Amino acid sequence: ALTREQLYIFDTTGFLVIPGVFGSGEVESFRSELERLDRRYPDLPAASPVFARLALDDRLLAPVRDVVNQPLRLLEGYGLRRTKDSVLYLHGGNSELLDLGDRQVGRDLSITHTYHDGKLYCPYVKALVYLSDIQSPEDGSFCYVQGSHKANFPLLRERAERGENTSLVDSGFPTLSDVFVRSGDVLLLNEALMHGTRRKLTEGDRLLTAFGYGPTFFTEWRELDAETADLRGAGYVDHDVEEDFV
């Protein structure tokens, strides 16, 4: 369970780094199972018994429950290997626009979060379990826009419209910031946060596993391009992201 200083930090920043959650032994168990699984590794829980158990470990479920406060369902669980020269352009943000064909909307209810009577209510959160140190920007560090999880104005739509071609992750931004982590730390993430990763320059592999959680009525995570015509299309339609003009 999260302390009050942790809930406070989560609420105000949109994420929480929890240091030293998993032992060196466990991390190596996790690392081994990833190397055997040979870019992204979809559905880790169906492919391993150790990842099916990780997805329900109390070291992940207890902080998750404290920020979702709904009946839970496991929405996704993947592995991630990043090599030299990989990058993750910004996505998320609370007020980014989306065109529907007859209107543009400014809310994505899959990430719209609230607070009520001592409890945070976030619909979609991730637990990033790092399996390798990342201690400098060139290691491909997590980066985020400060406060962007409670943002009221869109940011990217005007960038794209004025013909930008450079991701903030490369060029910088007054409120872009990095997070540095050690093996077996967990990064608890509010998906409303606008975030990405620095371009990795270093040699070696960066590895992590990620589990996404939500209310029991959210469909399992899968990308959808748009509402289908028979209104039967399920999935998550993305709003403005840097990959749409960078």
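Numbering starts at 1 and runs along the sequence shown.
(request) Compare the other PDB entries of this protein and indicate whether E161 is left unmodelled in at least a third of them. (result) Comparison shows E161 dropped in at least a third of the other entries.
(message) With respect to the deposited sequence, is there a break between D38 and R39 in this entry, and if so is it 1 to 3, 4 to 9, or 10 or more residues, or none at all?
(response) Some 4 to 9 residues are missing between them.
(message) If you average the CA temperature factors as listed in the entry, which stretch comes out higher, 21 to 29 or 8 to 16?
(response) Comparing 8 to 16 with 21 to 29, the higher mean C-alpha B-factor belongs to 21 to 29.
(request) Tell me which of 116 to 124 and 167 to 175 has the higher mean C-alpha B-factor in the deposited entry. (result) Mean B over CA atoms: larger for 167 to 175.
(message) Quiz for you: based on the deposited Cα B-factor, which of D66, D205, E220, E191 is highest?
(response) Answer, based on the entry's C-alpha B-factors: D205.
(message) Given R81, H149, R107, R73, identify the residue with the highest C-alpha B factor in the PDB entry.
(response) The C-alpha B-factor peaks, among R81, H149, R107, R73, at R81.
(message) Quick check on the deposited entry: does the C-alpha B-factor of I134 sit in the lowest, middle or highest third of its chain?
(response) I134: CA B-factor falls in the highest third of its chain.
(request) Determine, from the deposited record, the chain-internal third of the Cα B-factor for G93: lowest, middle or highest. (result) It belongs to the lowest third of the chain when residues are ordered by C-alpha B-factor.
(message) Looking at the temperature factor on the CA atom of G214, which third of the chain's modelled residues does it land in?
(response) CA B-factor rank for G214: lowest third.
(message) Using only modelled residues of the chain, where does the Cα B factor of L100 rank: lowest third, middle third or highest third?
(response) Answer is highest: the recorded C-alpha B-factor places it there.
(request) Tell me, lowest, middle or highest third: where does the Cα B factor of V87 rank within its chain? (result) According to the entry, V87 has a C-alpha B-factor in the chain's highest third.
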